[PDB]
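**Student:** Below: one structure in structure tokens.
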Amino acid sequence: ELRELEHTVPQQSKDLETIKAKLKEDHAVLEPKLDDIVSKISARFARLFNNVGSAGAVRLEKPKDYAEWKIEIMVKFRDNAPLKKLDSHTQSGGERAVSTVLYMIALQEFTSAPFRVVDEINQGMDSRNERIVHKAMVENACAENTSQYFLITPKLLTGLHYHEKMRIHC
Amino acid sequence: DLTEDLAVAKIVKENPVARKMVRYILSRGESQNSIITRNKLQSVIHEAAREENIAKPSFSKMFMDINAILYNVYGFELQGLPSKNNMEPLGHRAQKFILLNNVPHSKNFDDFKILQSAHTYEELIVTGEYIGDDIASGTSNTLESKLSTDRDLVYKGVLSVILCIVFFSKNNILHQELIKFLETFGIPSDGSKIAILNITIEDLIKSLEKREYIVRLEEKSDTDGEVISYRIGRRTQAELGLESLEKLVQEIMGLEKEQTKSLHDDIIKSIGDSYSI
Amino acid sequence: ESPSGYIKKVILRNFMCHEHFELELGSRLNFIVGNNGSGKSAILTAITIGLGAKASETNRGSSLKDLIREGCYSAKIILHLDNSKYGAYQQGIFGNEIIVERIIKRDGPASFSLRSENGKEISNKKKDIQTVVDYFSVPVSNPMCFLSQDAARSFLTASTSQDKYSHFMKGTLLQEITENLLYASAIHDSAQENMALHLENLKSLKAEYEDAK
Amino acid sequence: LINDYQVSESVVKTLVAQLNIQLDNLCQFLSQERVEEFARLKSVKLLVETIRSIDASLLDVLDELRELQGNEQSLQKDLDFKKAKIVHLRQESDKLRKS
Amino acid sequence: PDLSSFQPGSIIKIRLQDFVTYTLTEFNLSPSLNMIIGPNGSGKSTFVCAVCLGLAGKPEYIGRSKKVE
Amino acid sequence: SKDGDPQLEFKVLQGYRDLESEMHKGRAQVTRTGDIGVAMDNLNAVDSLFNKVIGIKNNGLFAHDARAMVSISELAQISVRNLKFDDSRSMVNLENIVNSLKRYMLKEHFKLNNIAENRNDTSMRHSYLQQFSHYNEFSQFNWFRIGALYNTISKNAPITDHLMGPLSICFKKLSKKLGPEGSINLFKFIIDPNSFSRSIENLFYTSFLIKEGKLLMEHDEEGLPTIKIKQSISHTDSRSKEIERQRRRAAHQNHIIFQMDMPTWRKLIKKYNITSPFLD
Amino acid sequence: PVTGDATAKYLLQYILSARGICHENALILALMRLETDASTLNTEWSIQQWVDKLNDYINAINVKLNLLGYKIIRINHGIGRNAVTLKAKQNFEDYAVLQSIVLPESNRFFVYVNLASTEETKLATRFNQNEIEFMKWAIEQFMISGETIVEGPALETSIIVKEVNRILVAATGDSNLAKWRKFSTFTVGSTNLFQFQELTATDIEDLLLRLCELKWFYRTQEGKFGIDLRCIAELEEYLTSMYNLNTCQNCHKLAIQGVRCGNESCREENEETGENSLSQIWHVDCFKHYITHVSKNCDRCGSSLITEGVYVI
Amino acid sequence: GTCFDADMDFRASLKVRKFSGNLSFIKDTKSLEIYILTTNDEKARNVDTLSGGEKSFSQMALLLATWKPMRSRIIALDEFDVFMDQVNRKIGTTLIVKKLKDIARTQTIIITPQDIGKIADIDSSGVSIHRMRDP
């Protein structure tokens, strides 16, 4: 039976080496696309936090196993508080909603769908953050061939920054 | 002291290019604790000679003058790395050099500095924290502390523990063996970033083998696949002397000084074929 | 008839939500109507702290310093439970009501206090308060014993087969006993391979034992 | 009324899915409850959502490499078994001396 | 208007009749930016329900209504 | 209900709670003396307690049982390897080497838990290493010791940082141009001849002005909102405007459900004497 | 060369192992250990001769470093006399080598520095050109944000305000107008430095962490980034040639902390920024020496102590 | 035993809304299937085909069946989510009150942001409602 096993081991060994080679080649050809994707999204992240004035970071975690490939969102809203993970323990629901809406508007240019639909953001939060987000989207939408964006605010505020591309409607 | 110091002032005033090259070597060796090769030395000395329009002097005399300067001003000495294929140290013939002092070590300063470092460590990582933006108080380093990096010190500790592991591994350790060693020590190898090192284990070991502190051996076969062994670099052999490793192991054991005898032979037999001497 | 150990009066001294609180709670049901800016409740955090539940399981505060009211140094929490009904815990010495008090200061560990009906202090060790809160079948190590806002809002939106099954497996101690069983099996395999290596070593020592007989 | 031809709900579903716009996609439509759900999402499901938003080919290659990683792990157990078989071959050499 | 200005899948005209509370909806959409800024209960929920039911999606997903009726 | 009387659960809970502490305090003695009979008595007591539990369900003690059994198993499997390979000769293998290398307990037990482990129990110099194999995490050993020891007494490498060498080498402008004292009605932007789609522009922006908190405006008997151009504070800080908006929102807000398609809309232009739209 | 050059190299190595910066007490105890490691023990020696021979050895090695190119520059500290050591655990270690290790006055430090400005030998110490320009822009933002136009009555209390109030009540105890409403904060840009264009956020944030733990930037109890003593000792003329910075009444002392009022009688208007940009600037130690000596009134054409006492963060 | 207790508590809670249901626990695929009878269906169907209010009712019943085997004397619930409709939230609150006021071996501390003293009756024994000062 061990001679039969000697008969059966060569094909299994060549299968092992071929599978290892195809694994390493697939990882090598997959690294650049995910690398450029995460670099672009981190650049947009930094740009939008420069526009709003707050602080935050995003890094891609690459463990040895690809099953646990995770992406982290490190936002630092408070000056005294250090860098913290996006969770309900560090910040309240308002900062979490702000992070979610900025992450949504960040992936707008990469998505093939034209319009972005969001609503119910000013629920018990300061409208200054939403006004800054709207003015940043306006400043980013001055170029030609920009993705459509639908913004619905539960409340309004006067004395804000307006543009020539906005129109009041019901 | 005035007679020896005045002699250095005469050989320094004779050629400022000597000062230039010795300060360049000092900077290149102290900025990233890196190595210097011979060809780089000839290139920089030729650049200095062409800049200061002075004919190139000899090599042995220049090396001796640089050694004397760095030994009388800072106490260091540019030690040459012996060749691997050939193996008397090649002072003016080796292709790799490294700066290192040749001073007899003290016996109380180490204890005081490690006691101060322990007094600090009692405050650095309280409740599994780290100083910096996490700690409210801004004077995290207490404005005075003999650690100076707070990042490379644990790196040197990991380097030393790896050196001891390979030493007691008959100078031949397997990749899986060191992986499981780091696992049982507590450092994971699943790819997560270390909270203090801020780097993975594979990047750490590749930067270490790039730093010439460990030499890798690759062997190809049919039933073993890709086996990788690790060897001790020549830089470690030139840095860690016999008395140095003896003091290291006697501090690691933490026993009395009366039992120090009969242990040198045990250490020699446990390190295996690690020194060419 | 209702057993003893139920809450009767709740008071909060120098707390973030209510620095001066006072309310009465019934034995059958207790209803509280009000609004709070923070996610934590007004009496849930203080009750969980006084009963012995750690702040890590409640996920309300990252540290113990934030739970202290700003402007003060110590946070005093007092609890009153009745023992006049069936199921009393030493009603003769502790009176008809057992009063437990916990003080959380800025520096040093938190302080405790065990008061009787008259208000005198008996002991200070945590074992006594743990025993008196465990005697009434009140487990503080179970996060489902006190339903928080995050757990409720995460369980209510889990109306599908797989998520419902995972939540049921993640009940009071079902997840704990299942993970304990799988860890026991894993350590059993590791122990059996270690004992196989030890059996190889013993076979070597027995081949050497043929020289000892 | 598409190209003067009566259709059903499935036709509208595939038509709107072909135009890269959907309602189940969490990067195209957001609401209060949906924002609150996305805020508490794990990182792995966030990555799945992002790769669903950008390109499905990422999903295909990811599941391919995941199943191939499972396969190579099973083959790692198989090579541990063949190492045990090599130890058994040493035992068989001892038994050959016995024979 | 323009070919490249309108991304694939964009809607231009809005026509809602006998569906919303207003029952006469003619919204003008622009490729630059479109916003709906108003008070609560003015009809924003009805508008988002109309534009998500135009996709013929599941009514239980939004949670506003049980059935289409 | 006799089945599951709380005294039995309380007794077994106290038994587990002090048995785990006894095990945690006696693991050091078990490792030192090398006698596993303590673990055998613990296992026998655990089996007896489980036998008394048989008949009534109790899931609280299962975690403690798992912890006790895993601790006993790991302690046995570590003490077997750490034991002397010979009766007299104490073999100093790599396990003893890594034990003596990871024997620093300056903070993880001396300062983190404020407990001082005992130091009393050639061949006998082996029982002081089994009680240092319960890390389960990397932030317990004092790597800082072996770090500071390097480059100072063993490697004596000059670590000097170089100095800073390379460093040493639309509606807002319209309202402004209209004037702050000038007041324009809300029904003036909607009336536009030859166009029946511009009447849905301003009715969604000037819905209510009391929420803005400018001043106390008179409630109209008809129900139409009012607006007056007044100065508004603008600050860079978000909280400075947030508190102001919250204190201005404390006033009462009328919630009327009035809505209509402008009946007799031509009567507005009779008094507003305007033909061109104000907005550009 | 057996004891003199040996102890000189020892103290140089000990001062280099601490990133150049080292306490006077630390060097004093190091020299105590060196002299105890000698042939005989010196017990009948007081602190004055010890610090005298310490300064003598520092000069004897500084002349050598100047002959080589480097220099050991000794400067004072901004924090007052009895507050520099009262931070935390004055003496880490008892196990004292001598029978008594005390020092009442310890305010002078030492920093490794050179005199060459070009330095064609060095190209990159630990960072490439991008991070070099980033650090240059950070230093520029720190320097341009030193002056302020308006401050609040918040009266933030971390380190310096309590020390200056103690010094004031020790000199003249009134506690009436010490709480000035105007400040002069040089440490600005905690979250403002996050605004960067060509790089990401994690790299700049952990590089700033490495910088402040490499003894190049200091923070406060609130977390306000600042320029520590190492840079102000290294960039002696680089902080004055590029931008006009005034010094105290001494030869040349770059003042970042201390006292500064410049209410209305500022210096010359050669530049747009005022608030005593040419002269009339004192440290906390300099202010204490001034208020404890003759001429209590300020030399800026008349200035009473009532309007003075402005904190310099 | 816990599955049997959960099933009996589920059927006892569903008998209040004149509905019938059962449980089905399987460990092969780690999935839980719940069958709920609608008003006029003559057959118990899965909760996935039910309405939002019925889904919230089934979730509350599952939570009650999971918490029932515990003998904890004092529990607490604060800031319940409002994803369900008000017409269903009212019925759920009345069901919770009727289920928690019958047994006296367990005391509950319910914290509700909305008003319960106005929509629910007071003469019902075993119900204590308290309010504080509005900030």
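Residue names in the structure tokens use chain letters A, B, ... in the order shown, residue numbers from 1 in each chain, and ligand numbers from 1 in the order shown.
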Report as a tab-separated table: every residue of chain B with an atom at most 6 Å from chain F, its closest pair of atoms, and their distance in Å to one decimal, counting only C-alpha atoms, with rows sorted by chain and ascending residue number.
**Tutor:**
```
residue	atom	partner	partner_atom	distance
B:30	CA	F:160	CA	5.6
B:31	CA	F:162	CA	5.9
B:153	CA	F:147	CA	4.9
B:154	CA	F:147	CA	5.1
B:156	CA	F:147	CA	5.4
B:157	CA	F:147	CA	3.7
B:186	CA	F:138	CA	4.1
B:187	CA	F:138	CA	6.0
B:239	CA	F:155	CA	5.8
B:240	CA	F:155	CA	5.6
B:244	CA	F:154	CA	5.0
B:252	CA	F:101	CA	5.6
B:253	CA	F:100	CA	5.6
```
**Student:** Residues of chain D within 10 Å of chain B, counting only C-alpha atoms, what are they? List them as a PDB file with N, CA, C and O atoms, in the first residue's frame.
**Tutor:**
```pdb
ATOM      1  N   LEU D  79      -0.570  17.461   3.720  1.00  0.00           N
ATOM      2  CA  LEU D  79       0.881  17.324   3.790  1.00  0.00           C
ATOM      3  C   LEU D  79       1.349  17.022   5.208  1.00  0.00           C
ATOM      4  O   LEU D  79       2.356  16.331   5.389  1.00  0.00           O
ATOM      5  N   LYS D  82       0.930  13.406   5.204  1.00  0.00           N
ATOM      6  CA  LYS D  82       1.992  12.705   4.487  1.00  0.00           C
ATOM      7  C   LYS D  82       3.309  12.748   5.257  1.00  0.00           C
ATOM      8  O   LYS D  82       4.133  11.840   5.124  1.00  0.00           O
ATOM      9  N   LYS D  83       3.519  13.774   6.085  1.00  0.00           N
ATOM     10  CA  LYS D  83       4.668  13.756   6.987  1.00  0.00           C
ATOM     11  C   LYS D  83       4.507  12.673   8.048  1.00  0.00           C
ATOM     12  O   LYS D  83       5.470  11.968   8.386  1.00  0.00           O
TER      13      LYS D  83
END
```
**Student:** List the spatial neighbours of stretch 23-30 of chain E as a ChimeraX atom specification - criterion: any atom at most 10 Å away, only C-alpha atoms, same-chain residues fewer than 4 positions off excluded.
**Tutor:** /A:148-150,165-167,169-170 /E:5-6,10-19,34-35,47 /F:197,200,261
**Student:** Using only C-alpha atoms, which chain C residues lie at most 12 Å away from chain A, written as an MDAnalysis selection string?
**Tutor:** chainID C and resid 37:40 55:63 66 149:151
**Student:** Please determine the contact residues of chain D with respect to chain C at a cut-off of 10 Å, counting only C-alpha atoms, and supply them as a VMD selection string.
**Tutor:** chain D and resid 33 36 to 37 40
**Student:** Counting only C-alpha atoms, what is within 10 Å of residue A:144, bar same-chain residues fewer than 4 positions away, as a PyMOL selection string?
**Tutor:** chain E and resi 4-5+31-32
**Student:** Write a file of the just-selected residues containing N, CA and C atoms, as a CSV table (one decimal), in the first residue's frame.
**Tutor:**
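Output file result_17.csv is given in full below:
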```csv
chain,number,residue,atom,x,y,z
E,4,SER,N,-22.6,63.6,-22.5
E,4,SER,CA,-21.8,63.3,-21.4
E,4,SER,C,-22.2,63.9,-20.1
E,5,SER,N,-23.1,64.9,-20.1
E,5,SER,CA,-23.5,65.5,-18.9
E,5,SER,C,-24.4,64.6,-18.1
E,31,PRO,N,-28.5,68.1,-14.0
E,31,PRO,CA,-27.3,67.3,-13.8
E,31,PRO,C,-26.3,67.8,-12.8
E,32,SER,N,-26.3,69.1,-12.5
E,32,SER,CA,-25.4,69.7,-11.6
E,32,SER,C,-25.6,69.3,-10.1
```
**Student:** How many Å separate atom CA of residue C:155 from atom CA of residue C:167?
**Tutor:** 7.3 Å
**Student:** With only C-alpha atoms counted and 8 Å as the cut-off, give the residues of chain A in contact with chain F, each with its shortest interatomic distance in Å and the pair that gives it, as a Markdown table.
**Tutor:**
```
| residue | atom | partner | partner_atom | distance |
| --- | --- | --- | --- | --- |
| A:126 | CA | F:242 | CA | 5.3 |
| A:127 | CA | F:242 | CA | 7.5 |
| A:128 | CA | F:238 | CA | 6.1 |
| A:129 | CA | F:238 | CA | 7.4 |
| A:156 | CA | F:205 | CA | 7.8 |
| A:157 | CA | F:212 | CA | 6.8 |
| A:158 | CA | F:212 | CA | 7.3 |
| A:159 | CA | F:232 | CA | 6.6 |
| A:160 | CA | F:172 | CA | 7.8 |
| A:161 | CA | F:172 | CA | 7.6 |
| A:162 | CA | F:170 | CA | 5.6 |
| A:163 | CA | F:170 | CA | 5.7 |
| A:164 | CA | F:170 | CA | 6.0 |
| A:167 | CA | F:201 | CA | 7.7 |
| A:168 | CA | F:201 | CA | 5.0 |
| A:169 | CA | F:201 | CA | 4.6 |
| A:170 | CA | F:204 | CA | 5.2 |
```
**Student:** What's the 12 Å shell around residue F:277, counting only C-alpha atoms, without same-chain residues fewer than 2 positions away, as a list in words?
**Tutor:**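 Here the answer would be residues 174, 187, 188, 189, 190, 191, 192, 193, 194, 195, 198, 199, 201, 202, 269, 272, 273, 274, 275, 279 and 280 of chain F.
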**Student:** Counting only C-alpha atoms, a student should be able to say which residues of chain G come within 6 Å of chain F; what is the right answer, written as a VMD selection string?
**Tutor:** chain G and resid 16 to 17 19 118
**Student:** Write to file, as a PDB file, in the first residue's frame, the residues of the selection just made, with N, CA and C atoms.
**Tutor:**
```pdb
ATOM      1  N   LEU G  16      24.789  61.698  24.302  1.00  0.00           N
ATOM      2  CA  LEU G  16      24.284  61.359  22.977  1.00  0.00           C
ATOM      3  C   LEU G  16      23.206  60.286  23.031  1.00  0.00           C
ATOM      4  N   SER G  17      23.270  59.389  24.017  1.00  0.00           N
ATOM      5  CA  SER G  17      22.246  58.361  24.150  1.00  0.00           C
ATOM      6  C   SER G  17      20.902  58.938  24.572  1.00  0.00           C
ATOM      7  N   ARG G  19      19.494  61.668  23.090  1.00  0.00           N
ATOM      8  CA  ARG G  19      19.130  62.575  21.998  1.00  0.00           C
ATOM      9  C   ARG G  19      19.710  63.972  22.211  1.00  0.00           C
ATOM     10  N   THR G 118      25.424  74.620   5.657  1.00  0.00           N
ATOM     11  CA  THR G 118      25.246  73.877   4.414  1.00  0.00           C
ATOM     12  C   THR G 118      25.157  72.380   4.682  1.00  0.00           C
TER      13      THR G 118
END
```
**Student:** Would you mind reading off the distance between atom CA of residue A:131 and atom CA of residue A:39, one decimal, in Å?
**Tutor:**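 These atoms are spaced 27.3 Å apart.
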**Student:** Please provide the set of residues having any atom within 9 Å of stretch 54-57 of chain E, restricted to only C-alpha atoms, with same-chain residues fewer than 2 positions apart removed, written as JSON, numbers by chain.
**Tutor:** {"D": [9, 12, 13, 16, 22, 23, 24], "E": [49, 50, 51, 52, 59, 60, 61]}
**Student:** For residue G:182, please output as a PyMOL selection string all residues within 7 Å (counting only C-alpha atoms; exclusion window: fewer than 4 positions along the same chain).
**Tutor:** chain G and resi 150-152+310
**Student:** What parts of stretch 54-273 of chain G does DSSP call alpha helix (DSSP H)? I'd like the answer as a ChimeraX atom specification.
**Tutor:** /G:54-68,129-144,160-171,202-212,229-234,238-241
**Student:** Please identify the strand (DSSP E or B) residues within stretch 42-217 of chain B (assignment by DSSP from backbone atoms) and present them as a count of residues only.
**Tutor:** 18
**Student:** For chain C, list the residues within 8 Å of chain H, counting only C-alpha atoms, and write the list as JSON, numbers by chain.
**Tutor:** {"C": [1, 2, 3, 5, 6, 7, 23, 24, 25, 26, 27, 28, 29, 30, 31, 32, 33, 34, 35, 39, 41, 44, 136, 137, 138, 139, 144, 145, 146, 147, 148, 149, 152, 153, 156, 158, 159, 160, 161, 162, 164, 165, 166, 168, 171, 172]}
**Student:** Please identify every residue of chain E that has at least one atom no more than 8 Å from any atom of chain F, counting only C-alpha atoms, and report them as a VMD selection string.
**Tutor:** chain E and resid 26 37 to 39
**Student:** Can I get the selection written as a PDB file, in the first residue's frame, with N, CA and C atoms?
**Tutor:**
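Done, and the output landed in part_39.pdb:
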```pdb
ATOM      1  N   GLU E  26     -44.449  67.783 -10.908  1.00  0.00           N
ATOM      2  CA  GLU E  26     -43.602  67.973 -12.085  1.00  0.00           C
ATOM      3  C   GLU E  26     -42.302  68.603 -11.596  1.00  0.00           C
ATOM      4  N   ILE E  37     -34.782  70.900   0.397  1.00  0.00           N
ATOM      5  CA  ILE E  37     -34.577  71.478   1.720  1.00  0.00           C
ATOM      6  C   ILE E  37     -35.903  72.064   2.182  1.00  0.00           C
ATOM      7  N   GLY E  38     -36.516  71.429   3.178  1.00  0.00           N
ATOM      8  CA  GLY E  38     -37.770  71.892   3.721  1.00  0.00           C
ATOM      9  C   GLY E  38     -38.021  71.360   5.117  1.00  0.00           C
ATOM     10  N   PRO E  39     -39.141  71.756   5.716  1.00  0.00           N
ATOM     11  CA  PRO E  39     -39.465  71.288   7.067  1.00  0.00           C
ATOM     12  C   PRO E  39     -39.934  69.841   7.054  1.00  0.00           C
TER      13      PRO E  39
END
```
